[PDB]
Amino acid sequence: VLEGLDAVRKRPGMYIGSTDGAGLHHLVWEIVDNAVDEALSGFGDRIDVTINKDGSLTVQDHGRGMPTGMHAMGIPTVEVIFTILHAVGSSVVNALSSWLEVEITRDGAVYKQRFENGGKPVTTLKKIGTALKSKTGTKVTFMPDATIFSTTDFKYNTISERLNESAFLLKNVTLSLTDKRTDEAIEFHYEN
Amino acid sequence: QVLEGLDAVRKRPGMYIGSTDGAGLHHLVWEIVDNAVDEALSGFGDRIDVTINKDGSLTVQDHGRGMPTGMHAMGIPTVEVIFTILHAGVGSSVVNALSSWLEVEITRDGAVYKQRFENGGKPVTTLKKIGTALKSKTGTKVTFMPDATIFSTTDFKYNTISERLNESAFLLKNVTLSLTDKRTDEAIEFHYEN
Ligand SMILES: CCNC(=O)Nc1cc(-c2nc(C(F)(F)F)cs2)c(-c2cc(-c3n[nH]c(=O)o3)cnc2N2[C@@H]3CC[C@H]2CN(C)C3)cn1
Ligand SMILES: CCNC(=O)Nc1cc(-c2nc(C(F)(F)F)cs2)c(-c2cc(-c3n[nH]c(=O)o3)cnc2N2[C@@H]3CC[C@H]2CN(C)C3)cn1
């Protein structure tokens, strides 16, 4: 049985544990786990996480990029991933975000869709530019909903140690963290 | 070669950048880009990113070796000498003189350095280490706001800057020059091959 995003908003703790500092960072693990699941599948050798000045957060990998095709009713596949809950991580974050943007680069084209106010699409998946055929990947940027979380301040140390673990488990893949609020940055990379 | 302060440039701006209208305004852009192109041309860095920020300021970022972070006489940073002393390697100080503020950011050895100038190139901080970076990352980022009390117009033209970077890519070859307009969220790249 499928559910909408309002189902996650209704009982947020049931999907991310809680709505405090810990739960806020669960949002980060969800998106990153998808980039890591791409690397593990053999695509992309780096995953860059960026904490922006506006308080939002960005995860960018260099994998194959999420599918750019359509489904039923001319609804993009990426829209199905972010708005239909198969109750899975991508839609949960979108549901608990005041806005979210997904940027896909594949086949020499760059696509983009934006969501707002708990994952309501405000644009479709649009082709907005071109790129080299060698450049591929997915960029997700989201702003955690302040009317749901008790805190929307991402912790540099917390995200830091977790990327260190994920780097250690993956091997051969560099995960980075860049904080544009404080001009700090750090990388993790393990090899065997 | 008698050396001068920046007040000499503010006094006669047209003598250093041609004019104080739209044309002269964009000369400021060419000066900073020419330093990035001159670093690229020396074999360091393969891309040069220009950004028109929302605040009206302009940013040029290359990925070269980064300007010297060392000191000269009196504990004065070398980058400060480049931007505040006119040798009337002259373009950087001219731009600074005709800016209400300007920032220089150097990235080397995994560290990020930064100095800021204000009111016609008067230093308001020294060169301080402000953050960290990757050991693989190197380069110079210059961001400035053209002084409105000198220029009759301070609105950078997207079309104008676009065309010039297109030429530069063509003369250079093997170097990618980009332009990003955050006012309108448009962007374009150029790269030529031989
Ligand atoms: C910053 C976050 N970035 C990303 O999450 N990028 C990303 C996402 C995916 C996918 N994620 C999903 C979904 F979220 F689980 F629904 C479906 S496809 C995929 C993905 C693509 C393909 C695929 N592209 N072209 C093709 O023929 O097959 C296949 N699987 C993908 N997934 C699956 C398994 C690894 C990756 C993420 N997994 C959670 C789901 C790749 N990259
Ligand atoms: C967005 C604007 N970007 C830049 O301005 N990047 C930049 C600037 C420089 C320099 N520029 C100058 C100056 F402005 F001409 F005074 C002095 S050093 C240099 C530069 C560095 C070095 C150097 N670094 N470490 C070392 O041992 O020697 C040497 N030359 C540099 N210059 C000279 C010649 C090529 C390049 C730019 N030229 C304008 C000045 C490199 N990149």
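This deposited entry lists X-ray crystallography as its structure determination method and 2.8000 Å as its resolution.

*Asks:* Help me get a handle on the pattern of salt bridges, residues and values and all.
*Replies:* The tally for this structure, following the rule as stated, stands at 22 salt bridges over all chains. Notably, a salt bridge pairs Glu101 of chain A with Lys112 of chain A, separated by 3.3 Å at the nearest N-O pair. One end of the pair, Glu101 of chain A, is in strand β3 (residues 97-106); the other, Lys112 of chain A, is in strand β4 (residues 109-116), with 11 residues separating them in the sequence. As a salt-bridge pair, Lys141 of chain B and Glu105 of chain B come within 3.5 Å of each other at their nearest N and O atoms.

*Asks:* Quick rundown of the packing of helix α3 (residues 21-39) of chain A against helix α6 (residues 156-170) of chain A? Include the residues and the values.
*Replies:* Residue and element names in this part refer to chain A. The contact between α3 and α6 brings their axes to 11 Å, and the two run at 20 degrees. Between α3 and α6, the interaxial angle falls into the category roughly parallel. Judged by the sense of rotation from one axis to the other, the crossing of α3 with α6 is right-handed. Counting all contacts with α3, which are made through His25, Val28, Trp29, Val32, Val36 and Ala39, the residues of α6 involved are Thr158, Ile159, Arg162, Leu163 and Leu170. Residue classes in the contact of α3 with α6 are distributed as 8 nonpolar, 2 polar and 1 charged.

*Asks:* I'd love a proper account of unusual backbone geometry, names of residues and values included.
*Replies:* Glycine aside, residues mostly have negative phi angles, and peptide bonds mostly take the trans form. Residue and element names in this part refer to chain A. Phi is positive for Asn117, close to 55 degrees, though the residue is something other than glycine. Within the secondary structure layout, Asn117 lies in the loop between β4 and β5 (120-121). The class for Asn117 is partly exposed, based on a relative accessible area of 47%.

*Asks:* Talk me through the environment of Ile76 of chain B; I want residue IDs and the actual numbers.
*Replies:* Residues and elements named next belong to chain B. Tracing the backbone shows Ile76 in the loop between β2 (58-62) and α4 (78-84). The exposure class of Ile76 is partly exposed, given its relative accessible area of 30%. Counting along the chain gives 51 residues from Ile76 to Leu25, while the straight-line C-alpha distance between them is 29 Å. Every residue in contact with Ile76, bar those within four places of it in the chain, is listed here: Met71 and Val81.

*Asks:* Mind laying out the site of ligand 1, listing which residues take part and the relevant values?
*Replies:* All names here are of chain A. By nearness alone, 14 residues border ligand 1, and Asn34, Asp37, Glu38, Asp61 and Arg64 come closest of all. The contact in question runs from a nitrogen atom of ligand 1 to an N or O atom on the side chain of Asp37, over 2.7 Å. Between ligand 1 and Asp61 there is a distance of 2.8 Å, counted from a nitrogen atom to a side-chain nitrogen or oxygen. Every element with two or more residues in the shell around ligand 1 is listed here: α3 and β2 (57-61). Residue composition of the shell around ligand 1, by class: 5 nonpolar, 4 polar and 5 charged.

How each quantity is defined
- Residues numbered from 1 in each chain as written, not as in the entry; some residues may be left out.
- Chains lettered and ligands numbered in written order.
- Heavy atoms only, no water.
- Residues with missing side-chain atoms left out of burial classes, pairs and counts.
- Salt bridge = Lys/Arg side-chain N within 4 Å of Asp/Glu carboxyl O.
- Helix = DSSP H or I, 4+ residues; strand = E, 2+ residues; numbered from the N terminus.
- Axes fitted to C-alpha atoms, helices over the stretch in contact; angles between N-to-C directions.
- Parallel < 35°, antiparallel > 145°, perpendicular 65-115°, else oblique.
- Left-handed = near helix turned anticlockwise from the far one by under 90°.
- Contact = heavy atoms within 4.5 Å.
- Nonpolar A, V, L, I, M, F, W, Y, C, P; charged D, E, K, R; others polar.
- Buried < 20%, exposed > 50% of the residue type's maximum accessible area, 1.4 Å probe, protein only.
- Near = heavy atom within 4 Å.
- Polar contact = N/O pair within 3.5 Å; in protein donor to acceptor, adjacent residues only side chain to side chain.

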